[PDB]
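What follows is a short report on a single structure.
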Protein chains: 2
Amino acid sequence: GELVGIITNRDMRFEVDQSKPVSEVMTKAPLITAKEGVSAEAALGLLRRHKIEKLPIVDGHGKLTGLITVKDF
Amino acid sequence: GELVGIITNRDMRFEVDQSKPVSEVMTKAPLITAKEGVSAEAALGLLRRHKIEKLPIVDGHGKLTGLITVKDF
Ligand SMILES: Nc1ncnc2c1ncn2[C@@H]1O[C@H](COP(=O)(O)OP(=O)(O)OP(=O)(O)O)[C@@H](O)[C@H]1O
Ligand SMILES: Nc1ncnc2c1ncn2[C@@H]1O[C@H](COP(=O)(O)OP(=O)(O)OP(=O)(O)O)[C@@H](O)[C@H]1O
Ligand SMILES: [Mg+2]
Ligand SMILES: [Mg+2]
Ligand SMILES: [Mg+2]
Ligand SMILES: [Mg+2]
């Protein structure tokens with residue numbers, strides 16, 4: 001149940017072999033994340049600083065709880 | 001006249017201040033470039049390897065001579 005990476009459209013658009021496993025293509029941990037209870041301003045600041053469209057939200061143990069996107073804002 | 005960087009939509013979409021100079025927002029050199037006379041297959045291989053959409057083409061002296069894009073293929 002541990003968050004070991006994230007795979008988005010950019011990674012997959014440049015790959016031709018569709019049979020390849022996700023572990024070979026994904027952006028591996030550590031990721032840019034935030035804790036549960038992160039404010040909207042802080043989340044958008046983290047998104048804009050690291051020039052990424054997605055921000056996973058994790059609990060105290062690091063297991064994934066949610067996801068915040070720039071598209072929603 | 002030296003190629004010192006590149007500034008694309010990903011760099012400009014995450015900057016809130018429009019009065020900032022290019023030098024602060026651009027991706028700085030060294031960039032991913034190819035020589036003059038590079039084949040189409042090599043250019044597409046570089047583009048898909050480095051997960052970028054733009055490939056400057058330079059001469060022997062490093063001057064900017066052209067640009068190849070994935071959108072063209
Ligand atoms: N929270 C994150 N931490 C680390 N890397 C991330 C994170 N979110 C996305 N990435 C990586 O950033 C890169 C850019 O993907 P991003 O999610 O910003 O756009 P996209 O939706 O894939 O592409 P498009 O520009 O076509 O909309 C990808 O390689 C992705 O794996
Ligand atoms: N040839 C290159 N060498 C190095 N970095 C590059 C190069 N081309 C673009 N970049 C950088 O990589 C990121 C993505 O640029 P790219 O040109 O691939 O897409 P984009 O047109 O900005 O994105 P989108 O179409 O998703 O809005 C940007 O931060 C940009 O500055
Ligand atoms: Mg996207
Ligand atoms: Mg997008
Ligand atoms: Mg573009
Ligand atoms: Mg694009």
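In the structure tokens, the first chain shown is A, the next is B, and so on; residue numbers restart at 1 for each chain, and ligands run from 1 in the order shown.
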Within 6 Å of ligand 2, counting only C-alpha atoms and all ligand atoms, which protein or nucleic acid residues do you find, written as a VMD selection string? chain B and resid 6 to 11 27 31 to 32 52 to 55
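The part of chain B that reaches within 7 Å of chain A is made up of residues 14, 48 and 51 of chain B, counting only C-alpha atoms.
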Selected residues written out, N, CA, C and O atoms, as a PDB file, in the first residue's frame:
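Resulting contents of part_9.pdb:
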```pdb
ATOM      1  N   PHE B  14       3.680  28.705 -14.876  1.00  0.00           N
ATOM      2  CA  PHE B  14       3.799  28.629 -13.425  1.00  0.00           C
ATOM      3  C   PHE B  14       4.408  29.879 -12.801  1.00  0.00           C
ATOM      4  O   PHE B  14       4.666  29.890 -11.594  1.00  0.00           O
ATOM      5  N   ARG B  48      12.297  11.544 -27.515  1.00  0.00           N
ATOM      6  CA  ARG B  48      11.561  10.578 -26.717  1.00  0.00           C
ATOM      7  C   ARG B  48      12.391  10.059 -25.553  1.00  0.00           C
ATOM      8  O   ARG B  48      11.821   9.578 -24.570  1.00  0.00           O
ATOM      9  N   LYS B  51      12.304  13.124 -22.993  1.00  0.00           N
ATOM     10  CA  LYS B  51      10.930  13.519 -22.675  1.00  0.00           C
ATOM     11  C   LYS B  51      10.714  15.021 -22.846  1.00  0.00           C
ATOM     12  O   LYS B  51      10.067  15.672 -22.024  1.00  0.00           O
TER      13      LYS B  51
END
```
Hey, what does DSSP flag as alpha helix (DSSP H) within chain A? Can you give it to me as number ranges by chain? A: 9-13, 40-49
Present chain B as a short mmCIF file (atom, residue, chain, number, x, y, z; two decimals) with N, CA and C atoms, in the first residue's frame, least-squares fitted onto chain A over all of its C-alpha atoms paired in order.
```cif
data_model
loop_
_atom_site.label_atom_id
_atom_site.label_comp_id
_atom_site.auth_asym_id
_atom_site.auth_seq_id
_atom_site.Cartn_x
_atom_site.Cartn_y
_atom_site.Cartn_z
N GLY B 1 1.25 -1.47 0.16
CA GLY B 1 0.42 -0.29 0.25
C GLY B 1 1.16 1.02 0.29
N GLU B 2 2.46 1.01 0.01
CA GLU B 2 3.29 2.20 0.08
C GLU B 2 3.28 2.97 -1.23
N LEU B 3 3.24 4.30 -1.13
CA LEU B 3 3.29 5.16 -2.31
C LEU B 3 4.72 5.17 -2.84
N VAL B 4 4.93 4.57 -4.01
CA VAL B 4 6.27 4.37 -4.55
C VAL B 4 6.52 5.13 -5.85
N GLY B 5 5.54 5.85 -6.37
CA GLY B 5 5.77 6.62 -7.58
C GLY B 5 4.47 7.15 -8.16
N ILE B 6 4.59 7.73 -9.35
CA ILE B 6 3.45 8.28 -10.07
C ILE B 6 3.73 8.16 -11.56
N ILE B 7 2.69 7.91 -12.34
CA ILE B 7 2.81 7.76 -13.78
C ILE B 7 1.73 8.59 -14.45
N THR B 8 2.14 9.57 -15.25
CA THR B 8 1.23 10.52 -15.86
C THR B 8 1.35 10.44 -17.38
N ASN B 9 0.68 11.37 -18.06
CA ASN B 9 0.62 11.33 -19.52
C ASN B 9 1.98 11.62 -20.14
N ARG B 10 2.80 12.46 -19.49
CA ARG B 10 4.13 12.75 -20.01
C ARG B 10 5.01 11.52 -19.98
N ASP B 11 4.80 10.63 -19.01
CA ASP B 11 5.59 9.42 -18.94
C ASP B 11 5.14 8.40 -19.98
N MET B 12 3.85 8.35 -20.29
CA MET B 12 3.34 7.33 -21.19
C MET B 12 3.39 7.74 -22.66
N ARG B 13 3.45 9.04 -22.95
CA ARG B 13 3.40 9.48 -24.34
C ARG B 13 4.71 9.25 -25.08
N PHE B 14 5.83 9.15 -24.36
CA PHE B 14 7.15 8.97 -24.96
C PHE B 14 7.63 7.52 -24.93
N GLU B 15 6.80 6.58 -24.50
CA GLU B 15 7.15 5.16 -24.54
C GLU B 15 6.41 4.51 -25.71
N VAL B 16 7.17 3.91 -26.62
CA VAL B 16 6.57 3.31 -27.80
C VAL B 16 6.00 1.93 -27.49
N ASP B 17 6.63 1.19 -26.58
CA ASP B 17 6.18 -0.15 -26.21
C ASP B 17 5.14 -0.05 -25.10
N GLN B 18 3.92 -0.52 -25.38
CA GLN B 18 2.84 -0.48 -24.41
C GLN B 18 2.86 -1.67 -23.45
N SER B 19 3.69 -2.67 -23.69
CA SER B 19 3.73 -3.85 -22.83
C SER B 19 4.70 -3.69 -21.66
N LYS B 20 5.38 -2.56 -21.56
CA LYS B 20 6.36 -2.36 -20.51
C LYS B 20 5.66 -2.22 -19.15
N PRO B 21 6.30 -2.68 -18.08
CA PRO B 21 5.70 -2.53 -16.75
C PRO B 21 5.77 -1.09 -16.26
N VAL B 22 4.86 -0.77 -15.34
CA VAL B 22 4.78 0.58 -14.79
C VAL B 22 6.07 0.95 -14.08
N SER B 23 6.70 -0.02 -13.41
CA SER B 23 7.89 0.25 -12.62
C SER B 23 9.03 0.83 -13.46
N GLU B 24 9.04 0.57 -14.76
CA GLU B 24 10.11 1.06 -15.63
C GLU B 24 9.85 2.46 -16.16
N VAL B 25 8.60 2.91 -16.15
CA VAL B 25 8.21 4.15 -16.80
C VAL B 25 7.80 5.21 -15.79
N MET B 26 7.35 4.82 -14.61
CA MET B 26 6.87 5.74 -13.60
C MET B 26 8.01 6.60 -13.06
N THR B 27 7.65 7.77 -12.55
CA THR B 27 8.59 8.58 -11.78
C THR B 27 8.67 8.00 -10.38
N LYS B 28 9.88 7.66 -9.94
CA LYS B 28 10.05 6.92 -8.71
C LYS B 28 10.06 7.85 -7.49
N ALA B 29 9.73 7.27 -6.34
CA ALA B 29 9.74 8.01 -5.09
C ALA B 29 11.18 8.27 -4.65
N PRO B 30 11.43 9.33 -3.88
CA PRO B 30 10.47 10.28 -3.28
C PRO B 30 9.85 11.25 -4.28
N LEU B 31 8.55 11.50 -4.12
CA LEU B 31 7.80 12.43 -4.94
C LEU B 31 7.61 13.74 -4.17
N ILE B 32 7.00 14.71 -4.83
CA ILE B 32 6.58 15.94 -4.17
C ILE B 32 5.20 15.70 -3.58
N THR B 33 5.12 15.69 -2.25
CA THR B 33 3.88 15.38 -1.56
C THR B 33 3.61 16.44 -0.50
N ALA B 34 2.38 16.43 0.01
CA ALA B 34 1.98 17.29 1.10
C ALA B 34 1.26 16.46 2.15
N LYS B 35 1.24 16.98 3.37
CA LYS B 35 0.57 16.30 4.47
C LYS B 35 -0.94 16.47 4.37
N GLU B 36 -1.65 15.64 5.12
CA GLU B 36 -3.09 15.82 5.25
C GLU B 36 -3.38 17.14 5.94
N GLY B 37 -4.43 17.82 5.49
CA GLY B 37 -4.76 19.12 6.05
C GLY B 37 -3.99 20.28 5.47
N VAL B 38 -3.22 20.06 4.40
CA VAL B 38 -2.51 21.15 3.75
C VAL B 38 -3.51 22.14 3.17
N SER B 39 -3.22 23.43 3.31
CA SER B 39 -4.11 24.46 2.80
C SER B 39 -4.04 24.51 1.28
N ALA B 40 -5.04 25.16 0.68
CA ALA B 40 -5.05 25.33 -0.76
C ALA B 40 -3.90 26.20 -1.24
N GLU B 41 -3.60 27.28 -0.51
CA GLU B 41 -2.50 28.16 -0.91
C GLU B 41 -1.17 27.43 -0.89
N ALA B 42 -0.92 26.64 0.15
CA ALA B 42 0.32 25.88 0.21
C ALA B 42 0.41 24.86 -0.92
N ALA B 43 -0.70 24.19 -1.23
CA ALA B 43 -0.69 23.21 -2.30
C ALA B 43 -0.41 23.87 -3.65
N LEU B 44 -1.04 25.01 -3.91
CA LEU B 44 -0.79 25.70 -5.17
C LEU B 44 0.62 26.27 -5.22
N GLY B 45 1.16 26.70 -4.08
CA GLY B 45 2.54 27.15 -4.04
C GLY B 45 3.52 26.04 -4.35
N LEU B 46 3.29 24.85 -3.79
CA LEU B 46 4.14 23.70 -4.12
C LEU B 46 4.02 23.33 -5.59
N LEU B 47 2.80 23.33 -6.12
CA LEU B 47 2.59 22.95 -7.51
C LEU B 47 3.29 23.93 -8.45
N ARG B 48 3.22 25.23 -8.14
CA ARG B 48 3.83 26.22 -9.02
C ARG B 48 5.33 26.32 -8.79
N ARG B 49 5.82 25.91 -7.62
CA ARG B 49 7.25 25.93 -7.36
C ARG B 49 7.96 24.80 -8.07
N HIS B 50 7.39 23.59 -8.02
CA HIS B 50 8.02 22.43 -8.62
C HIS B 50 7.54 22.16 -10.04
N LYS B 51 6.70 23.03 -10.59
CA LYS B 51 6.26 22.96 -11.99
C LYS B 51 5.63 21.60 -12.32
N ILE B 52 4.78 21.11 -11.42
CA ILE B 52 4.06 19.86 -11.61
C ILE B 52 2.56 20.15 -11.54
N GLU B 53 1.78 19.22 -12.10
CA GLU B 53 0.33 19.35 -12.13
C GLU B 53 -0.37 18.53 -11.05
N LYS B 54 0.31 17.60 -10.40
CA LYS B 54 -0.32 16.69 -9.46
C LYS B 54 0.44 16.68 -8.15
N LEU B 55 -0.30 16.64 -7.04
CA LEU B 55 0.27 16.67 -5.70
C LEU B 55 -0.41 15.62 -4.84
N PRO B 56 0.22 14.47 -4.62
CA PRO B 56 -0.34 13.49 -3.69
C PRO B 56 -0.35 14.01 -2.26
N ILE B 57 -1.39 13.62 -1.52
CA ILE B 57 -1.54 13.94 -0.11
C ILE B 57 -1.47 12.64 0.66
N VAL B 58 -0.57 12.59 1.65
CA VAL B 58 -0.28 11.39 2.40
C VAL B 58 -0.58 11.65 3.87
N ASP B 59 -0.65 10.56 4.65
CA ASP B 59 -0.90 10.65 6.08
C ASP B 59 0.42 10.60 6.85
N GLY B 60 0.32 10.49 8.18
CA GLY B 60 1.52 10.38 9.00
C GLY B 60 2.37 9.17 8.69
N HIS B 61 1.74 8.07 8.28
CA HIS B 61 2.46 6.86 7.93
C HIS B 61 2.91 6.82 6.48
N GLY B 62 2.69 7.89 5.72
CA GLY B 62 3.09 7.94 4.34
C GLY B 62 2.15 7.29 3.36
N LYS B 63 0.98 6.86 3.81
CA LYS B 63 0.02 6.20 2.94
C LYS B 63 -0.71 7.23 2.08
N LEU B 64 -1.10 6.81 0.88
CA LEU B 64 -1.78 7.72 -0.04
C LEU B 64 -3.20 7.98 0.43
N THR B 65 -3.54 9.26 0.64
CA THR B 65 -4.88 9.62 1.09
C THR B 65 -5.63 10.52 0.13
N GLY B 66 -4.95 11.27 -0.72
CA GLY B 66 -5.67 12.13 -1.64
C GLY B 66 -4.78 12.63 -2.76
N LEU B 67 -5.37 13.40 -3.66
CA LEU B 67 -4.63 14.01 -4.76
C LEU B 67 -5.20 15.39 -5.05
N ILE B 68 -4.32 16.37 -5.18
CA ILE B 68 -4.70 17.73 -5.56
C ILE B 68 -4.11 18.00 -6.94
N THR B 69 -4.83 18.77 -7.75
CA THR B 69 -4.37 19.09 -9.10
C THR B 69 -4.50 20.58 -9.36
N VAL B 70 -3.67 21.08 -10.28
CA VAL B 70 -3.78 22.46 -10.73
C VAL B 70 -5.06 22.66 -11.53
N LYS B 71 -5.48 21.63 -12.27
CA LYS B 71 -6.68 21.72 -13.09
C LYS B 71 -7.91 22.06 -12.26
N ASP B 72 -7.94 21.66 -10.99
CA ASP B 72 -9.06 22.00 -10.13
C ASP B 72 -9.11 23.49 -9.82
N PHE B 73 -7.96 24.08 -9.48
CA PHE B 73 -7.92 25.53 -9.26
C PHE B 73 -8.28 26.28 -10.53
#
```
Write out as a compact mmCIF listing (two decimals) with N, CA and C atoms, in the first residue's frame the set of residues from chain B that DSSP, computed on the backbone, places in strand (DSSP E).
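Written out: selection_29.txt:
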```txt
# COMPACT_ATOMS: atom_id res chain seq x y z
N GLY B 5 19.84 29.16 -23.43
CA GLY B 5 18.71 28.55 -22.77
C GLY B 5 17.50 28.47 -23.67
N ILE B 6 16.38 28.07 -23.08
CA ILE B 6 15.12 27.95 -23.79
C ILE B 6 13.99 28.22 -22.80
N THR B 27 14.98 27.74 -18.88
CA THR B 27 15.85 26.61 -18.58
C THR B 27 17.24 26.92 -19.11
N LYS B 28 18.24 26.87 -18.23
CA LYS B 28 19.56 27.34 -18.58
C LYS B 28 20.37 26.26 -19.31
N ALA B 34 21.19 18.90 -30.88
CA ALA B 34 21.73 18.01 -31.89
C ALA B 34 22.52 18.83 -32.90
N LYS B 35 23.43 18.15 -33.59
CA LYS B 35 24.25 18.80 -34.60
C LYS B 35 23.45 19.04 -35.87
N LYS B 54 11.04 19.91 -27.74
CA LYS B 54 11.80 20.80 -28.61
C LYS B 54 13.26 20.41 -28.60
N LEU B 55 13.89 20.47 -29.77
CA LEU B 55 15.29 20.09 -29.93
C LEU B 55 16.00 21.14 -30.78
N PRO B 56 16.76 22.04 -30.17
CA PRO B 56 17.56 22.97 -30.96
C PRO B 56 18.65 22.26 -31.75
N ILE B 57 18.93 22.78 -32.94
CA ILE B 57 19.98 22.30 -33.81
C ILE B 57 21.02 23.41 -33.93
N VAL B 58 22.27 23.07 -33.64
CA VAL B 58 23.36 24.03 -33.57
C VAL B 58 24.42 23.63 -34.59
N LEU B 64 22.87 28.84 -32.83
CA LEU B 64 21.55 28.28 -33.10
C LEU B 64 21.25 28.33 -34.59
N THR B 65 20.95 27.17 -35.18
CA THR B 65 20.65 27.10 -36.60
C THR B 65 19.26 26.58 -36.92
N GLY B 66 18.64 25.82 -36.03
CA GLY B 66 17.31 25.32 -36.33
C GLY B 66 16.62 24.79 -35.09
N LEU B 67 15.38 24.34 -35.28
CA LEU B 67 14.61 23.75 -34.20
C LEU B 67 13.75 22.62 -34.75
N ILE B 68 13.78 21.47 -34.09
CA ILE B 68 12.93 20.34 -34.43
C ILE B 68 11.94 20.14 -33.29
N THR B 69 10.73 19.71 -33.62
CA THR B 69 9.69 19.50 -32.63
C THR B 69 9.02 18.15 -32.84
```
